[PDB]
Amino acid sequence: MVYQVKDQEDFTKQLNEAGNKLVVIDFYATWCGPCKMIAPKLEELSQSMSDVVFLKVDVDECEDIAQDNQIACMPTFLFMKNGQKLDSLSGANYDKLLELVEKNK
């Protein structure tokens, strides 16, 4: 599953429940074509990879979280572990997403 982050403290709650697991966060908008195209692939990946936590942040609903992470393109995938940033990817390139999750998991 891909869990939808509700607000700043909810994002922190999720980053903790992840324990030591890689967390992949998709920053998206509902008006954005490339975001809608890749969303189902992220959902398929999340059902299989139970040792990675997948989250999503709607930038219109969570403008403060978007500003905290310096988002400018969408989708942007942020890679985190233990509350700390590992890597980011801008755009819907599913092979680069898979490479980054392989690298970081």
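Residue indices: 1-based, along the sequence shown.
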query: 25-33 versus 45-53 - which carries the larger mean C-alpha B factor in the record; finding: 45-53
query: Of 8-16 and 92-100, the one with larger mean CA B-factor; finding: 8-16
query: Highest-ranked of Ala72, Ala39, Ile65, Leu78 once sorted by CA temperature factor in the record; finding: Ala72
query: Third of chain Cα B-factors occupied by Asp58; finding: lowest
